[PDB]
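Trainee: Got a file for you: entry21.txt, compact mmCIF, N, CA and C atoms and all ligand atoms.
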# COMPACT_ATOMS: atom_id res chain seq x y z
N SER A 7 -78.54 94.15 -30.64
CA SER A 7 -79.06 93.00 -31.40
C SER A 7 -79.69 91.99 -30.43
N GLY A 8 -80.42 91.06 -30.97
CA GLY A 8 -80.94 89.95 -30.20
C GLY A 8 -82.30 89.60 -30.74
N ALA A 9 -82.74 88.41 -30.42
CA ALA A 9 -83.97 87.83 -30.96
C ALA A 9 -84.61 86.96 -29.92
N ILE A 10 -85.88 86.71 -30.12
CA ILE A 10 -86.65 85.67 -29.43
C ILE A 10 -86.74 84.45 -30.34
N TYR A 11 -86.48 83.26 -29.80
CA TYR A 11 -86.59 81.97 -30.54
C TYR A 11 -87.66 81.14 -29.85
N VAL A 12 -88.86 81.17 -30.41
CA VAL A 12 -90.04 80.45 -29.85
C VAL A 12 -90.57 79.52 -30.94
N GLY A 13 -90.66 78.24 -30.58
CA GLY A 13 -90.92 77.16 -31.55
C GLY A 13 -90.04 77.36 -32.77
N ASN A 14 -90.67 77.46 -33.94
CA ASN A 14 -89.97 77.60 -35.24
C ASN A 14 -90.13 79.06 -35.69
N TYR A 15 -90.11 79.99 -34.74
CA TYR A 15 -90.16 81.45 -35.02
C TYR A 15 -88.95 82.18 -34.43
N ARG A 16 -88.51 83.19 -35.17
CA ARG A 16 -87.48 84.16 -34.76
C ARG A 16 -88.15 85.53 -34.77
N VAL A 17 -88.19 86.17 -33.59
CA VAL A 17 -88.80 87.51 -33.43
C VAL A 17 -87.67 88.51 -33.24
N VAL A 18 -87.60 89.46 -34.15
CA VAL A 18 -86.54 90.48 -34.18
C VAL A 18 -87.16 91.85 -34.30
N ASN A 19 -86.39 92.87 -33.95
CA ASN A 19 -86.75 94.24 -34.32
C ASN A 19 -86.85 94.35 -35.84
N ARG A 20 -87.94 94.91 -36.32
CA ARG A 20 -88.16 95.07 -37.79
C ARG A 20 -86.96 95.80 -38.41
N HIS A 21 -86.40 96.78 -37.72
CA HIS A 21 -85.32 97.62 -38.31
C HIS A 21 -84.02 96.84 -38.40
N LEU A 22 -83.88 95.69 -37.74
CA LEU A 22 -82.66 94.86 -37.74
C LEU A 22 -82.88 93.57 -38.53
N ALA A 23 -84.06 93.36 -39.11
CA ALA A 23 -84.33 92.10 -39.83
C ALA A 23 -83.40 92.04 -41.05
N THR A 24 -82.96 90.84 -41.36
CA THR A 24 -81.97 90.56 -42.43
C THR A 24 -82.72 90.29 -43.73
N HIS A 25 -82.00 90.21 -44.86
CA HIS A 25 -82.64 89.70 -46.09
C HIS A 25 -83.26 88.31 -45.83
N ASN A 26 -82.57 87.40 -45.13
CA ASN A 26 -83.08 86.05 -44.84
C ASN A 26 -84.37 86.13 -44.01
N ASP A 27 -84.45 87.08 -43.07
CA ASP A 27 -85.74 87.26 -42.36
C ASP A 27 -86.88 87.55 -43.34
N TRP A 28 -86.70 88.54 -44.22
CA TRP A 28 -87.71 89.05 -45.17
C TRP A 28 -88.04 87.98 -46.23
N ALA A 29 -87.08 87.13 -46.54
CA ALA A 29 -87.27 86.04 -47.52
C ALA A 29 -88.02 84.87 -46.87
N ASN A 30 -88.12 84.86 -45.54
CA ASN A 30 -88.78 83.77 -44.79
C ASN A 30 -89.78 84.41 -43.84
N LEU A 31 -90.52 85.39 -44.34
CA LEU A 31 -91.34 86.30 -43.50
C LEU A 31 -92.55 85.51 -43.04
N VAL A 32 -92.86 85.60 -41.74
CA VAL A 32 -94.14 85.11 -41.20
C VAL A 32 -95.06 86.33 -41.04
N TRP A 33 -94.57 87.43 -40.47
CA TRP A 33 -95.40 88.59 -40.08
C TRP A 33 -94.49 89.78 -39.80
N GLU A 34 -94.93 90.99 -40.11
CA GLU A 34 -94.15 92.20 -39.77
C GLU A 34 -95.10 93.36 -39.53
N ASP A 35 -94.69 94.31 -38.67
CA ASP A 35 -95.50 95.49 -38.32
C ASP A 35 -94.56 96.65 -38.00
N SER A 36 -94.45 97.61 -38.91
CA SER A 36 -93.56 98.79 -38.75
C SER A 36 -93.94 99.55 -37.48
N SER A 37 -95.23 99.64 -37.20
CA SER A 37 -95.76 100.46 -36.08
C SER A 37 -95.24 99.89 -34.76
N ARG A 38 -94.98 98.58 -34.71
CA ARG A 38 -94.51 97.88 -33.47
C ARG A 38 -93.00 97.63 -33.50
N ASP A 39 -92.33 97.90 -34.62
CA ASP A 39 -90.91 97.59 -34.83
C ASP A 39 -90.69 96.10 -34.67
N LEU A 40 -91.60 95.22 -35.16
CA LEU A 40 -91.43 93.77 -35.01
C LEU A 40 -91.45 93.09 -36.38
N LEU A 41 -90.70 92.02 -36.44
CA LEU A 41 -90.76 91.13 -37.62
C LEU A 41 -90.53 89.71 -37.11
N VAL A 42 -91.32 88.78 -37.62
CA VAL A 42 -91.15 87.34 -37.31
C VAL A 42 -90.85 86.58 -38.60
N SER A 43 -89.82 85.78 -38.56
CA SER A 43 -89.42 84.86 -39.65
C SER A 43 -89.44 83.41 -39.13
N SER A 44 -89.45 82.46 -40.06
CA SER A 44 -89.44 81.00 -39.78
C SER A 44 -88.03 80.46 -39.51
N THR A 45 -87.90 79.42 -38.67
CA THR A 45 -86.60 78.77 -38.34
C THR A 45 -86.70 77.27 -38.66
N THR A 46 -85.56 76.59 -38.74
CA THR A 46 -85.50 75.13 -38.99
C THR A 46 -85.47 74.42 -37.62
N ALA A 47 -84.63 74.88 -36.70
CA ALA A 47 -84.48 74.33 -35.33
C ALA A 47 -85.49 75.01 -34.39
N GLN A 48 -85.97 74.26 -33.40
CA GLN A 48 -86.88 74.80 -32.35
C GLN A 48 -86.07 75.66 -31.37
N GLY A 49 -86.68 76.76 -30.90
CA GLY A 49 -86.02 77.73 -30.01
C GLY A 49 -86.25 77.41 -28.54
N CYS A 50 -85.42 77.99 -27.66
CA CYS A 50 -85.43 77.72 -26.19
C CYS A 50 -86.45 78.61 -25.45
N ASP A 51 -86.97 79.70 -26.03
CA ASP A 51 -87.79 80.70 -25.28
C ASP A 51 -89.27 80.30 -25.22
N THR A 52 -89.88 80.67 -24.10
CA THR A 52 -91.33 80.65 -23.82
C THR A 52 -91.84 82.10 -23.75
N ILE A 53 -92.98 82.39 -24.36
CA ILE A 53 -93.59 83.74 -24.27
C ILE A 53 -94.44 83.81 -22.99
N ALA A 54 -94.25 84.87 -22.21
CA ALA A 54 -95.15 85.22 -21.09
C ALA A 54 -96.57 85.48 -21.61
N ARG A 55 -97.56 84.96 -20.87
CA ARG A 55 -98.99 85.27 -21.12
C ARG A 55 -99.55 85.80 -19.82
N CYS A 56 -99.61 87.11 -19.69
CA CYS A 56 -99.77 87.80 -18.39
C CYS A 56 -99.87 89.30 -18.59
N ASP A 57 -100.16 90.03 -17.52
CA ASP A 57 -100.10 91.52 -17.52
C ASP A 57 -99.13 91.97 -16.43
N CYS A 58 -98.03 91.25 -16.25
CA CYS A 58 -96.93 91.72 -15.38
C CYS A 58 -96.46 93.10 -15.85
N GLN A 59 -96.10 93.91 -14.85
CA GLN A 59 -95.45 95.21 -15.02
C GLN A 59 -94.12 95.21 -14.28
N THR A 60 -93.58 94.06 -13.89
CA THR A 60 -92.21 94.05 -13.39
C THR A 60 -91.48 92.86 -14.02
N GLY A 61 -90.19 93.07 -14.25
CA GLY A 61 -89.40 92.04 -14.91
C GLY A 61 -87.93 92.45 -14.93
N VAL A 62 -87.18 91.75 -15.73
CA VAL A 62 -85.72 91.99 -15.86
C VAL A 62 -85.40 92.10 -17.34
N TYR A 63 -84.52 93.04 -17.75
CA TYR A 63 -84.12 93.12 -19.17
C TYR A 63 -82.61 93.08 -19.31
N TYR A 64 -82.18 92.59 -20.44
CA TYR A 64 -80.74 92.58 -20.72
C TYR A 64 -80.38 93.83 -21.51
N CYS A 65 -79.32 94.47 -21.02
CA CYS A 65 -78.75 95.70 -21.60
C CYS A 65 -77.34 95.43 -22.12
N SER A 66 -77.19 95.27 -23.43
CA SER A 66 -75.89 94.90 -24.02
C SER A 66 -74.88 96.02 -23.79
N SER A 67 -75.28 97.28 -23.86
CA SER A 67 -74.34 98.44 -23.72
C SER A 67 -73.85 98.53 -22.26
N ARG A 68 -74.28 97.63 -21.35
CA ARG A 68 -73.80 97.54 -19.93
C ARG A 68 -73.39 96.12 -19.55
N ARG A 69 -73.55 95.16 -20.47
CA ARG A 69 -73.37 93.73 -20.19
C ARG A 69 -74.06 93.39 -18.88
N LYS A 70 -75.31 93.84 -18.68
CA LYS A 70 -75.98 93.67 -17.38
C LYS A 70 -77.46 93.43 -17.61
N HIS A 71 -78.02 92.64 -16.73
CA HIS A 71 -79.49 92.49 -16.57
C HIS A 71 -79.95 93.45 -15.48
N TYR A 72 -81.01 94.21 -15.73
CA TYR A 72 -81.60 95.16 -14.78
C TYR A 72 -83.04 94.78 -14.46
N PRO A 73 -83.42 94.82 -13.17
CA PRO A 73 -84.82 94.70 -12.79
C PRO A 73 -85.50 96.03 -13.03
N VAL A 74 -86.68 95.98 -13.65
CA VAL A 74 -87.43 97.20 -13.99
C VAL A 74 -88.92 97.00 -13.73
N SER A 75 -89.56 98.11 -13.43
CA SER A 75 -91.02 98.26 -13.56
C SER A 75 -91.29 98.93 -14.90
N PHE A 76 -92.33 98.53 -15.61
CA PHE A 76 -92.64 99.05 -16.95
C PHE A 76 -94.13 99.24 -17.12
N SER A 77 -94.46 100.25 -17.92
CA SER A 77 -95.85 100.58 -18.33
C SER A 77 -96.49 99.50 -19.21
N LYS A 78 -97.82 99.42 -19.23
CA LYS A 78 -98.56 98.48 -20.10
C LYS A 78 -98.40 98.95 -21.55
N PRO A 79 -98.43 97.97 -22.48
CA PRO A 79 -98.22 98.29 -23.89
C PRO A 79 -99.20 99.35 -24.39
N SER A 80 -98.67 100.44 -24.96
CA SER A 80 -99.45 101.61 -25.45
C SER A 80 -98.86 102.23 -26.71
N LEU A 81 -99.61 103.18 -27.28
CA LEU A 81 -99.18 103.98 -28.44
C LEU A 81 -98.46 105.20 -27.89
N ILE A 82 -97.17 105.33 -28.19
CA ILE A 82 -96.22 106.26 -27.56
C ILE A 82 -95.47 107.01 -28.64
N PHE A 83 -95.34 108.31 -28.49
CA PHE A 83 -94.45 109.10 -29.36
C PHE A 83 -93.01 108.79 -28.96
N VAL A 84 -92.17 108.45 -29.95
CA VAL A 84 -90.74 108.19 -29.71
C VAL A 84 -89.96 109.26 -30.46
N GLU A 85 -89.04 109.92 -29.78
CA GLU A 85 -88.13 110.88 -30.41
C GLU A 85 -87.27 110.15 -31.45
N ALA A 86 -86.71 110.91 -32.39
CA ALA A 86 -85.91 110.32 -33.48
C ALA A 86 -84.73 109.58 -32.87
N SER A 87 -84.33 108.49 -33.52
CA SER A 87 -83.19 107.64 -33.11
C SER A 87 -82.28 107.47 -34.32
N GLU A 88 -81.19 106.74 -34.13
CA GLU A 88 -80.29 106.45 -35.27
C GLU A 88 -81.03 105.62 -36.33
N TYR A 89 -82.11 104.89 -36.01
CA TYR A 89 -82.72 103.88 -36.91
C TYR A 89 -84.20 104.17 -37.21
N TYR A 90 -84.80 105.20 -36.58
CA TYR A 90 -86.17 105.66 -36.95
C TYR A 90 -86.32 107.17 -36.83
N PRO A 91 -87.24 107.79 -37.60
CA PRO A 91 -87.59 109.18 -37.36
C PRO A 91 -88.39 109.26 -36.04
N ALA A 92 -88.57 110.46 -35.51
CA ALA A 92 -89.57 110.74 -34.47
C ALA A 92 -90.92 110.27 -35.02
N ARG A 93 -91.59 109.36 -34.33
CA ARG A 93 -92.87 108.79 -34.79
C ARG A 93 -93.57 108.18 -33.59
N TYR A 94 -94.82 107.79 -33.80
CA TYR A 94 -95.61 106.98 -32.86
C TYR A 94 -95.24 105.53 -33.06
N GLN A 95 -94.97 104.81 -31.97
CA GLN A 95 -94.78 103.33 -32.03
C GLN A 95 -95.86 102.69 -31.17
N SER A 96 -96.51 101.62 -31.63
CA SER A 96 -97.60 100.93 -30.89
C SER A 96 -97.05 99.75 -30.08
N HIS A 97 -97.89 99.23 -29.18
CA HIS A 97 -97.58 98.07 -28.31
C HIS A 97 -96.23 98.28 -27.63
N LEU A 98 -95.94 99.48 -27.16
CA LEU A 98 -94.63 99.84 -26.58
C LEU A 98 -94.80 100.01 -25.06
N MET A 99 -93.86 99.45 -24.32
CA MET A 99 -93.77 99.51 -22.82
C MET A 99 -92.55 100.31 -22.45
N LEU A 100 -92.67 101.22 -21.47
CA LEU A 100 -91.51 102.06 -21.09
C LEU A 100 -91.11 101.70 -19.66
N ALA A 101 -89.81 101.79 -19.42
CA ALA A 101 -89.20 101.70 -18.08
C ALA A 101 -88.12 102.74 -17.95
N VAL A 102 -87.75 103.04 -16.72
CA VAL A 102 -86.56 103.87 -16.43
C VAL A 102 -85.31 103.00 -16.48
N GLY A 103 -84.42 103.30 -17.42
CA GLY A 103 -83.19 102.53 -17.56
C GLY A 103 -82.43 102.97 -18.79
N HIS A 104 -81.33 102.31 -19.02
CA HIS A 104 -80.37 102.63 -20.06
C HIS A 104 -80.72 101.83 -21.30
N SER A 105 -80.73 102.54 -22.43
CA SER A 105 -80.96 101.91 -23.75
C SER A 105 -80.33 102.79 -24.81
N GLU A 106 -79.46 102.18 -25.56
CA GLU A 106 -78.82 102.74 -26.77
C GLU A 106 -79.25 101.90 -27.94
N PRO A 107 -79.02 102.38 -29.17
CA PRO A 107 -79.48 101.64 -30.34
C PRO A 107 -79.07 100.16 -30.42
N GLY A 108 -77.83 99.85 -30.08
CA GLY A 108 -77.29 98.50 -30.11
C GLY A 108 -77.98 97.60 -29.11
N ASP A 109 -78.68 98.17 -28.11
CA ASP A 109 -79.37 97.35 -27.09
C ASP A 109 -80.64 96.74 -27.65
N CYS A 110 -81.10 97.18 -28.81
CA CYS A 110 -82.33 96.63 -29.38
C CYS A 110 -82.19 95.10 -29.52
N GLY A 111 -83.26 94.38 -29.19
CA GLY A 111 -83.30 92.93 -29.23
C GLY A 111 -83.04 92.30 -27.87
N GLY A 112 -82.57 93.05 -26.85
CA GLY A 112 -82.38 92.47 -25.51
C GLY A 112 -83.72 92.03 -24.95
N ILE A 113 -83.73 90.89 -24.31
CA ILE A 113 -85.02 90.32 -23.79
C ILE A 113 -85.42 91.02 -22.50
N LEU A 114 -86.72 91.30 -22.37
CA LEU A 114 -87.39 91.62 -21.08
C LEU A 114 -88.16 90.35 -20.71
N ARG A 115 -87.91 89.88 -19.50
CA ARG A 115 -88.65 88.71 -19.10
C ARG A 115 -89.21 88.86 -17.66
N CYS A 116 -90.26 88.09 -17.38
CA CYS A 116 -90.98 88.04 -16.08
C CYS A 116 -90.98 86.56 -15.64
N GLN A 117 -91.69 86.30 -14.54
CA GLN A 117 -91.89 84.92 -14.06
C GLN A 117 -92.55 84.04 -15.12
N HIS A 118 -93.32 84.59 -16.06
CA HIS A 118 -94.07 83.76 -17.03
C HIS A 118 -93.28 83.54 -18.32
N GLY A 119 -92.08 84.14 -18.48
CA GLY A 119 -91.32 83.98 -19.73
C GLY A 119 -90.95 85.31 -20.36
N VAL A 120 -90.78 85.32 -21.67
CA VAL A 120 -90.33 86.51 -22.41
C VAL A 120 -91.51 87.45 -22.64
N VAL A 121 -91.37 88.70 -22.21
CA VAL A 121 -92.41 89.74 -22.31
C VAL A 121 -92.26 90.50 -23.64
N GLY A 122 -91.02 90.80 -24.01
CA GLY A 122 -90.77 91.68 -25.15
C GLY A 122 -89.28 91.84 -25.39
N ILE A 123 -88.94 92.70 -26.36
CA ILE A 123 -87.52 93.01 -26.68
C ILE A 123 -87.31 94.52 -26.68
N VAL A 124 -86.12 94.93 -26.32
CA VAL A 124 -85.74 96.35 -26.33
C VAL A 124 -85.94 96.88 -27.74
N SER A 125 -86.58 98.03 -27.83
CA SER A 125 -86.91 98.66 -29.14
C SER A 125 -86.60 100.15 -29.17
N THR A 126 -86.70 100.87 -28.05
CA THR A 126 -86.39 102.32 -28.00
C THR A 126 -85.47 102.67 -26.84
N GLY A 127 -84.93 103.89 -26.86
CA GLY A 127 -84.02 104.38 -25.83
C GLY A 127 -83.98 105.89 -25.86
N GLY A 128 -83.14 106.44 -25.02
CA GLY A 128 -82.94 107.91 -24.91
C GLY A 128 -83.63 108.47 -23.69
N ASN A 129 -83.13 109.62 -23.25
CA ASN A 129 -83.72 110.41 -22.14
C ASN A 129 -84.02 109.50 -20.95
N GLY A 130 -83.13 108.56 -20.67
CA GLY A 130 -83.14 107.80 -19.41
C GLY A 130 -84.24 106.73 -19.40
N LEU A 131 -84.89 106.46 -20.53
CA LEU A 131 -85.90 105.41 -20.61
C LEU A 131 -85.37 104.29 -21.52
N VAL A 132 -85.92 103.12 -21.31
CA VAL A 132 -85.85 101.97 -22.25
C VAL A 132 -87.26 101.58 -22.66
N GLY A 133 -87.51 101.42 -23.96
CA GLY A 133 -88.78 100.95 -24.46
C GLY A 133 -88.71 99.55 -24.99
N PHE A 134 -89.75 98.77 -24.75
CA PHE A 134 -89.83 97.34 -25.13
C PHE A 134 -91.06 97.11 -25.99
N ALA A 135 -90.80 96.43 -27.08
CA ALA A 135 -91.88 96.00 -27.97
C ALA A 135 -92.50 94.77 -27.33
N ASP A 136 -93.75 94.83 -26.95
CA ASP A 136 -94.45 93.71 -26.32
C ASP A 136 -94.67 92.57 -27.32
N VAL A 137 -94.62 91.34 -26.89
CA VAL A 137 -95.02 90.18 -27.75
C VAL A 137 -96.11 89.37 -27.09
N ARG A 138 -96.58 89.79 -25.91
CA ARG A 138 -97.45 88.90 -25.10
C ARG A 138 -98.84 88.77 -25.73
N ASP A 139 -99.22 89.69 -26.58
CA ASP A 139 -100.53 89.63 -27.30
C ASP A 139 -100.44 88.75 -28.55
N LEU A 140 -99.24 88.32 -28.95
CA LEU A 140 -99.04 87.49 -30.16
C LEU A 140 -99.23 86.03 -29.78
N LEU A 141 -100.50 85.62 -29.61
CA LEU A 141 -100.75 84.29 -29.05
C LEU A 141 -100.34 83.21 -30.04
N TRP A 142 -100.41 83.54 -31.33
CA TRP A 142 -100.08 82.63 -32.44
C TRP A 142 -98.61 82.20 -32.42
N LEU A 143 -97.70 82.91 -31.74
CA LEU A 143 -96.30 82.49 -31.55
C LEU A 143 -96.23 81.14 -30.85
N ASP A 144 -97.26 80.76 -30.07
CA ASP A 144 -97.28 79.54 -29.23
C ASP A 144 -97.74 78.29 -29.98
N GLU A 145 -98.03 78.36 -31.29
CA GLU A 145 -98.46 77.17 -32.07
C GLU A 145 -98.06 77.25 -33.56
N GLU A 146 -98.27 76.14 -34.28
CA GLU A 146 -98.27 76.07 -35.77
C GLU A 146 -96.93 76.58 -36.30
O1 LIG B 1 -78.02 111.70 -37.44
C1 LIG B 1 -79.09 111.25 -37.02
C2 LIG B 1 -80.33 111.40 -37.84
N1 LIG B 1 -81.49 110.66 -37.32
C3 LIG B 1 -82.30 110.23 -38.30
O2 LIG B 1 -81.92 110.12 -39.45
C4 LIG B 1 -83.71 109.82 -37.94
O3 LIG B 1 -84.32 109.12 -39.02
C5 LIG B 1 -83.84 107.90 -39.35
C6 LIG B 1 -84.61 107.67 -40.45
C7 LIG B 1 -84.38 106.56 -41.21
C8 LIG B 1 -83.42 105.67 -40.86
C9 LIG B 1 -82.67 105.88 -39.73
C10 LIG B 1 -82.86 107.00 -38.96
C11 LIG B 1 -81.63 110.38 -35.88
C12 LIG B 1 -80.52 111.00 -35.06
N2 LIG B 1 -79.26 110.89 -35.78
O1 LIG B 2 -77.46 86.83 -21.83
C1 LIG B 2 -78.41 87.58 -21.75
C2 LIG B 2 -78.70 88.57 -22.84
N1 LIG B 2 -79.93 88.09 -23.48
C3 LIG B 2 -80.30 88.82 -24.54
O2 LIG B 2 -81.38 89.37 -24.63
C4 LIG B 2 -79.20 89.01 -25.56
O3 LIG B 2 -79.56 90.13 -26.35
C5 LIG B 2 -78.68 91.11 -26.72
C6 LIG B 2 -78.92 92.34 -27.31
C7 LIG B 2 -77.96 92.80 -28.19
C8 LIG B 2 -76.80 92.04 -28.46
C9 LIG B 2 -76.57 90.88 -27.81
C10 LIG B 2 -77.47 90.45 -26.88
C11 LIG B 2 -80.61 86.88 -22.96
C12 LIG B 2 -80.71 86.92 -21.44
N2 LIG B 2 -79.40 87.31 -20.95
ZN ZN B 3 -95.59 87.80 -16.32
Would you kindly transcribe this structure into structure tokens?
Mentor:
Amino acid sequence: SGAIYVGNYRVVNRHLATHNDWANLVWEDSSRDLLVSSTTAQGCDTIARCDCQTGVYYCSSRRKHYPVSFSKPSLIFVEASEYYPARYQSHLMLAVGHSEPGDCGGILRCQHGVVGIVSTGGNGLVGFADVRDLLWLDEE
């Protein structure tokens, strides 16, 4: 689990969004596994605006932050998981590391702020749903 809190937005994995998320929907994209809902209180996170390929992510199934190198956001085939069929996921970044289903929502961050959230796992990789192209998260 986990979310990004930027201004009056909550960014979560689409597959973990609550009824309250969907009832307060700003934007959602199944292909990216992302959903954004509205908040009352302002959030503590800043979104990275950059093309960094190195950063640190939080892994709940290890209670640890890991430094990783990761691929640029691309359209990637993902093997079936507990929460999705085998399918193509877009805007996805891969790194070598540990990721289980419960790790979804862990933040990947760089020097410029939050890059993305954990979205995929298995076969010794961790995948992150990028948010750095969502410039609209920074206003309104
Ligand atoms: O037992 C299972 C079966 N799996 C699946 O059902 C894959 O599809 C989905 C589809 C919809 C919702 C959640 C998961 C993955 C591996 N474990
Ligand atoms: O303390 C941390 C962890 N962080 C997170 O991403 C928390 O996310 C997860 C994912 C699943 C459940 C609970 C937490 C922020 C930076 N360091
Ligand atoms: Zn960066």
Trainee: Between CA of residue 7 (chain A) and CA of residue 81 (chain A), what is the distance, to one decimal in Å?
Mentor: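 Taking CA of residue 7 (chain A) and CA of residue 81 (chain A), their separation equals 23.1 Å.
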Trainee: Which residue out of A:35, A:85, A:104, A:121 has the minimum interatomic distance to ligand LIG 1 (chain B) when all atoms listed in the file are used?
Mentor: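 Result for the nearest residue to ligand LIG 1 (chain B): A:85.
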Trainee: Which residue gives the smallest distance to residue 89 (chain A) among A:16, A:38, A:71, A:21, with all atoms listed in the file counted?
Mentor: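 Nearest candidate to residue 89 (chain A) out of A:16, A:38, A:71, A:21: A:21.
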Trainee: With distances taken over only C-alpha atoms, which residue among A:36, A:105, A:44, A:59 lies nearest residue 78 (chain A)?
Mentor: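 Of the candidates, the smallest distance to residue 78 (chain A) is held by A:59.
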Trainee: When you count all atoms listed in the file, which of these residues is closest to ligand LIG 1 (chain B): A:139, A:114, A:96, A:90?
Mentor: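 Using all atoms listed in the file, ligand LIG 1 (chain B) sits closest to A:90.
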Trainee: Enumerate, in order of chain and increasing residue number, the residues of chain A with an atom no farther than 6.5 Å from ligand LIG 1 (chain B), each with its shortest atom pair and distance in Å to one decimal, counting only N, CA and C atoms and all ligand atoms, as CSV.
Mentor:
residue,atom,partner,partner_atom,distance
A:86,C,B:LIG1,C11,4.4
A:87,C,B:LIG1,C11,3.4
A:88,C,B:LIG1,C10,3.5
A:89,C,B:LIG1,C9,3.4
A:90,C,B:LIG1,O3,3.5
A:91,N,B:LIG1,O3,3.5
A:92,N,B:LIG1,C4,5.5
Trainee: What lies within 7 Å of residue 110 (chain A) using all atoms listed in the file, ignoring chain neighbours under 5 positions off, as a ChimeraX atom specification?
Mentor: /A:7-9,19,66,105,123-126
